[PDB]
Amino acid sequence: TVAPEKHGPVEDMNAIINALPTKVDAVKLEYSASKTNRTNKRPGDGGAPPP
Amino acid sequence: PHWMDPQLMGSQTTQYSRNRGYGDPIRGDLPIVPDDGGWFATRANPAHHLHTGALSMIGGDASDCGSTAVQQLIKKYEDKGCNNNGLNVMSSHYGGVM
Amino acid sequence: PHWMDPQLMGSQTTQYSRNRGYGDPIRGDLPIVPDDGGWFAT
Amino acid sequence: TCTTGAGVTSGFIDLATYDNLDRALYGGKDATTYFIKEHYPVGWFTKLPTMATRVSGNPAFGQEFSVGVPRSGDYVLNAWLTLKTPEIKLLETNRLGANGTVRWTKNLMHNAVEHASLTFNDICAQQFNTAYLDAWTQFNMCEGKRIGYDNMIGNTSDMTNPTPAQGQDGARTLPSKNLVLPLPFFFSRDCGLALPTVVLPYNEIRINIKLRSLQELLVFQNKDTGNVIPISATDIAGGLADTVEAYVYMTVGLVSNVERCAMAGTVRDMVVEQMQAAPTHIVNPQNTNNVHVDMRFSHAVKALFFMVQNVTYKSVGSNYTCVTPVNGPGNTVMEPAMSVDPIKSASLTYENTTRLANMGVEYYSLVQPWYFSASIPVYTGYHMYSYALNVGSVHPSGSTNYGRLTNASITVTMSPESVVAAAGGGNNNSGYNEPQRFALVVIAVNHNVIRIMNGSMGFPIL
Amino acid sequence: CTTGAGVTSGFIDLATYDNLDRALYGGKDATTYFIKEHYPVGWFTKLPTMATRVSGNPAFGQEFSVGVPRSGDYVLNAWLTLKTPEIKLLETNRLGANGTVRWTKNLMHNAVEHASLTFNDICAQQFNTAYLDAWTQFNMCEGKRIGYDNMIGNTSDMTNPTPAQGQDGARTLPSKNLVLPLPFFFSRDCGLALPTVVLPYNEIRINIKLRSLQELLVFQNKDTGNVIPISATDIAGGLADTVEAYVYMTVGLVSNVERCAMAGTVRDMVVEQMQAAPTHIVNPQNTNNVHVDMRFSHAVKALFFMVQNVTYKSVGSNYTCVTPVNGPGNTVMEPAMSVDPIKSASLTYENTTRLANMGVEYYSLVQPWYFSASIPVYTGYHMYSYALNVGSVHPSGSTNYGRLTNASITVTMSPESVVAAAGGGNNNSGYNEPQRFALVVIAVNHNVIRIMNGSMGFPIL
Amino acid sequence: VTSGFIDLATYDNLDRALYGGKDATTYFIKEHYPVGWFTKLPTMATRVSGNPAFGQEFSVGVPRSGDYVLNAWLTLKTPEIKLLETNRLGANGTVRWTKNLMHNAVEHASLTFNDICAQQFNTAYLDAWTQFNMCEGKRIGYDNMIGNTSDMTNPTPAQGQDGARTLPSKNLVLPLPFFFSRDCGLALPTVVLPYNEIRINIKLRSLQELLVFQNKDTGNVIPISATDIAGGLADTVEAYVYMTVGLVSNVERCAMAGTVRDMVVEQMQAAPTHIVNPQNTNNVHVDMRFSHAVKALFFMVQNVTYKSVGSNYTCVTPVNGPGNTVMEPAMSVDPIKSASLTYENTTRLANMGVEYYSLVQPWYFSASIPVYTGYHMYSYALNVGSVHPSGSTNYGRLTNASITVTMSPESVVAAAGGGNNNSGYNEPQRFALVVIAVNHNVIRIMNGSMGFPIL
């Protein structure tokens, strides 16, 4: 005659879910590193000026 | 919060009689008012004693469909007045019994 | 400073249909306006 | 040019071939392009299998048992029955002696399961049985999964292979391996149609399954004459254990709290597919060749499956051919040379106004499945006629309503092969060594509407 | 506690939420499953009908036409049924005891050549055996393969050779009717259908030409494996030219409320046609490289090419350098030396190699694996498609050979083909007699058809 | 003919609810919309490093100057095999190509962006994917292009015996499953990545591990040697890479020039293999350490007794049956009996039977069911093969998770030898448990560079 109430499991959530931002900081650092240009846009140049 | 909720919610569909099965599938039965009396008069219900018929979908006569919009085009596109060469013809009559 | 510049550098000459290799090689074809329409028109 | 390895320059000589004919098909401001897939987010949800709790009966052959659908699951969309088959070991003390073999019937699953019903409260939401199971699995079968389906339900060339007695050369015994049968339900047909158990806290869902006794599950065939006689407990070692374990598993889904709160407390309309089975009829080709059966269905019928089933031996099942299978060389099962469907032609009648003429049997067998189904049956029988463009699609397609239609009839014509098979006189290993009998079964599939509101479920039209 | 009914285990998965999950799922307007949106569709009905011929009679080796009838609203199906005669060999055959007669492989797709659909008097659409075979091999939906191989013959009851009456094998070939669905633009998809009610000012006709029983039946020598034409004397009961064939089509009726709307309007439909290049005789003995110049007009979509063995007219649908021969068990078998003659192929647009000298296996396997719905289960049948999906009715990448200038295809034969062209083969080897091959090219193209003023015509000519 | 009128006349409340309406769409009329003008053509892949040979790794650069590369495959020319009479096994010796010749001789095929590895795959992933998501009709063609044509896998005796056949040297084609090859809507924007470097590395396997040298009677396998066969074990091989490029119209090329593009892709990650000994234990725990939102998990135990024979997920090795053919003994079943998942002492998935993972899960959430023993899968999504995202859980926000696998009596009895001739388990057998996971990720393209904004 009443709507059943559903909640979380018996075990606490935090022990399983945990919290450690090392992965996301690693991703952000990798993205910031890749933001700078790493390829060459002057092929067949020889960018050494004459002495 | 109790049983019989689905049966109270549902509504039974119309149940016809065996007499309706003998009707005309194409055109429906004519509208006849039953005799509501207390002496040898059947109180038949036309709702489940009458056949509506198939004419509702087929019949037009409102839009360009239907016969009443084809005779005008036929007459307009039909050549009239002498023949010159041949034996002369008369326009076909399509209206049925005035 | 980008790719595809070598092949977008210029243009490319027009290519003719198979019908061109049939007329007079000495005198030009008569100037005939084409047919434009939506019913059996080339 | 140059016919280089990374030839891209040759890809412009055809891009330059643009004119009026393809100007209509390609190009434009609104012309969409490939290589760029539009993205759109979807809902957040999880799914996991759950064991279904029992409420009534005991799982045993020939008895009925019920299973209750658990609550607190936001949705349920799956259902399958797992059952461990027993071990069969023929004994030399059998009635037929050395000339006798025992084998499981063809399609072990779809057998020993009939009148499988899903009911809310005490109102039957729907139900199906062996004929519908066979017709659906033969008409709407997805390729690639055909081998898996023909492996999970028997027919693995191991259960159906006859085994002689212990004293004979073939002393192998039938293994005891569990089998799985998915249950075709309206919520299992599509993901978009699932039971909202979160919205239905007042109704009591229930699934009822009635099994069959092992006597009609085991086929006991004479090796030489190809005659089938009922099996007995003393014939095989270990007896006939009536009780056997059987479980029902279903998959539930969980949605987000915000989504469930938003969708809680509203009216919903669902379109479902059901079954209507006409009562069986007995056909005797020796008396008359034409058999008429009247259909009395209610809702908008979508397709009609009509088949003639051989009913000579009650043990054998899913045999829709006029001649029963017999033992063959190599201790295998094979069908005799004269093994064809008994239906020659069929027609429909709507108040002596035949919708269909005396169309050939091959029409229903091949042309209709080729055009309006996802598969074509590989066995004899399985005749259909569908009013819809696509039977397997859950979206509504062309159909007629039998509620306002006056009593319709189907007329079938027998075949000379059926007539000659009805009488006996056949020689050994011919299948028709005994007089044969057949039955007519008709199945219809119809649409229906279910209303979900006020924490309860029910048909708005009944 | 641990139980099999534990539902709360999914709450951990639900709680495992981060930025990636926020990007992938969720949102104010995020769609959801378990809720199927329903929209109303049109009201209609369908039923099959018989088409009554008004010109000629169905006879083997002749051509007959059938008029598509009005009184429907949408024609979307068309198939042809034909009842084969009963064949029984006689001991008086000119091969004597060493004589077997059997139906040709792919009985249907044979005895139907240049099947055409015309409106009024316009040469509108046509197809033939090569197109039928290529399409059925490249766009075959699985599960229906057995149905098709029962509908169009190849049921192992007509393709299995039978000896004479005197010998052990005296069975007669069964006489059962066969059905073939005619491929047409309206039959390709339900979206495209013929507005027959909207077209009252045109006559729609379907023309079918049949082959001869001499070209159909195969008379094979049991030992040496040589094929010779059949004669009416050998077949018991004589040879009958007439045959019982019929045409059926499914029509669809609609309500008047939407029947009135389609009256007096202009419609444009996208259809698919085919062009068959004239066959080119190929002699591997002299030259192993063959050049063929195409001549196509509209926007081509795919190109199917094959090399067909043409040594015997009785045997058909063979694309291998070695003909099948009688084997053990009164069956027909293809000998071990059996490979497709084509070794490589290339395309050229005005001395410009558009397609390099790719191997035959490329066209045989890689292209079907990527741009078609099926891969052929037979030798030959090489495909090259300009579109992502060959079977899709919707247009995709394509080129118009009419706008393009002249184009050519170069093919290379194989050592097996060049050594099988000559005779010298022993008994039941296939190449016991000199072999000849021909190259056939089929192209599939798009087109536009305009319906207006109760008439149909090409808007581009 | 006229019964259609009777059928149409039957219009009721249910028929009005389903059909009908002013806004209801109708069949027999299809709305047509234009599509972008484009073209496509195959191209060769330019070799950049090494020489393709067995047992070595060779590199290829993806060609530039296209607009959208969307398809990749590799063609390899197999050598000729000719067994001699001087073999170590003598007359009782046969040589055949290993089962699944393709998906073998290819170890850790990798695609890398610039100098950052984009993704890679290997034999187990290839086998699982091609066994689970194999569209029918193309199954025969795929088998033919990868081998298994009763020519490579049929044992051939020495030249002095009845079977003098030699394995033909015919080229084979292996498609490369990559994120751009998953769908036509996902392709590398080479027009958006100018002067960038796209690298593809393939490490072929040594030819000694691709030839199965089986004894005729006892069913034993020993490694092959150059002196066994005529000519010799030619290390060099003829391998080529072909990729399909596409060209787009100039207007749509210029329209999308200079903008950010976000793409959703799928990748694979494999846990390290663990040697399992059923003779000692029965239940084994494996710790799964994955990173991103996983979509599917494929786990199976592989028989690793002989390095020569591969793709054998059965407790008993195949033997040489009659007619110079390969066969499997009657004792050929998958060694896995049950499996379960656990979230640090919280059983999410109970001890379900092996048949569940083998059949029921593929029947519901896959496009095909495997035809060989093994290939156990579990999917968090409704459709594994669908490119569009579905249900998935990310292991980054999850602590250590474990998988428990139970062996079988057949496996434990096969782990000890003593079997008869041609029984397969004549010698003790070794098994290794391999687990792979298919997960999602996001790629961002900006300023001619590729990176992972959130990875």
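Each of F:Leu76, A:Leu20 was scored by other Cβ atoms within 10 Å of its Cβ. Arranged with the fewest first, they read A:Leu20, F:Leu76. For segment D:76-91, backbone nitrogen atoms closer than 16 Å to the point 7 Å from D:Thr234 Cα along Cα-to-C-beta are found at D:91.
Between the residues E:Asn289, D:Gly360, F:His103, the greatest Cα displacement towards the positive end of the dipole of the protein assembly as shown, with unit charges on the Cβ of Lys, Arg, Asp and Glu, is found for E:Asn289. Placing unit charges on the Cβ atoms of the charged side chains and taking the dipole of chain B about its Cα centre, the candidate lying farthest along the positive direction among B:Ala54, B:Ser92, B:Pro6 is B:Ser92.
Among B:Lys76/F:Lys30; A:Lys6/D:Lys84; D:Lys89/D:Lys210; D:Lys29/F:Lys30, which pairs are too far apart, with a Cα-Cα distance over 30 Å?
Where the Cα-Cα span goes over 30 Å, the pairs concerned are B:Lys76/F:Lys30; A:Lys6/D:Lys84.
Label positions at D:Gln126 and E:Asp189, each projected 7 Å from the Cα along the C-beta direction, are separated by 3.0 nm.
When each of the peptides D:37-50, E:213-226 is scored by how many other beta carbons lie within 10 Å of its residues on average, the order from highest to lowest is E:213-226, D:37-50.
Using helices alone, what [θ] at 222 nm do you get for the protein assembly as shown, with -39,500 (n - 2.57) per DSSP H run of 4 or more residues, divided over all residues and rounded to the nearest 500? Numbers along the way, then the final one.
On the way: 30 runs with 189 residues, N = 1569.
Here the helix-only value at 222 nm equals -3000 deg cm²/dmol.
Straight-line reach from F:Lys138: taking Cα to Cα under 13 Å and skipping same-chain neighbours fewer than 8 places apart, the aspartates and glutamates in range are D:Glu143, E:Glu142.
Within 10 Å of the Cβ of each residue in A:20-29, the mean number of Cβ atoms contributed by other protein chains is 3. With each label modelled as a point 7 angstrom along the Cα→C-beta vector, the D:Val244-B:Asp29 pair spans 5.6 nm. A dipole drawn for segment E:164-272 from +1 and -1 charges on Cβ atoms has a positive end, and of E:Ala263, E:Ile230, E:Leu192 the residue lying farthest that way is E:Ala263.
Each Cα pair under 8 Å and six or more residues apart adds its separation to the average, and for chain F the resulting relative contact order is 22 percent.
About the Cα centre of chain F, how large is the charge dipole given +1 on each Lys and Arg Cβ and -1 on each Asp and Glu Cβ? Please answer in debye to the nearest 20.
Details: 30 positive and 33 negative charges, 129 e Å.
Result for chain F is approximately 620 debye, rounded to the nearest 20.
Mean sequence separation of contacting Cα pairs (under 8 Å, at least six apart), scaled by the length of segment D:4-109, corresponds to a relative contact order of 11 percent. Mean partner shielding of peptide F:392-404, defined as the number of other chain Cβ atoms within 10 Å of each residue Cβ, is 5. Extending 7 Å from Cα along the Cβ direction at D:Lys84 and again at B:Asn88 yields two label points whose distance is 10.2 nm. Taking a ≥ b ≥ c as the square roots of the eigenvalues of the Cα gyration tensor, segment E:216-373 is classed as oblate, since a/c reaches at least 1.5 and a/b does not exceed b/c.
Using Cα positions and a limit of under 22 Å, work out the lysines in reach of E:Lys28, with same-chain residues fewer than 8 apart set aside. Within the straight-line limit of under 22 Å, E:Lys28 reaches these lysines: D:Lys37, E:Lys36. Taking all Cα pairs closer than 8 Å and separated by 6 or more residues, the relative contact order of segment E:125-242 comes to 10 percent. Neighbour counts of C-beta atoms inside 10 Å place D:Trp104, C:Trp39, F:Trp363 in the sequence C:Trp39, F:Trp363, D:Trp104, starting with the fewest.
Return the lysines within reach of D:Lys344: Cα separation strictly under 28 angstrom, same-chain partners fewer than 8 residues apart disregarded; answer none if there are no such residues. Within reach: D:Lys106, D:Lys302, D:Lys314, E:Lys46, E:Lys83, E:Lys88, E:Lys105, E:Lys144, E:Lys176.
Just want the ordering: E:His291, A:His7, from fewest to most Cβ atoms lying within 10 Å of their own Cβ. If you can, show how the numbers build up before the last one.
On the way: E:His291 12, A:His7 8.
So the residues, fewest neighbours to most, are A:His7, E:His291.
Apply the a/c threshold of 1.5 to the C-alpha gyration tensor of chain A and tell me whether it is rounded, prolate or oblate. Prolate.
If a/c stays under 1.5 just call it rounded; otherwise compare a/b with b/c (prolate if a/b is bigger, oblate if not). Do that for the protein assembly as shown, with a ≥ b ≥ c from the square roots of the Cα gyration tensor eigenvalues. Mind dumping the intermediate values first?
Working: a/c = 1.18, a/b = 1.07, b/c = 1.11.
Verdict is rounded for the protein assembly as shown.
Per residue of peptide B:54-65, the mean number of Cβ atoms on other chains within 10 Å of the residue Cβ is 5.
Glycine gets a Cβ as well: all are built from the backbone with ideal geometry, and neighbour counts include every protein chain shown. Values quoted throughout were computed directly from the atomic coordinates according to the rules given, and no laboratory measurement underlies them.
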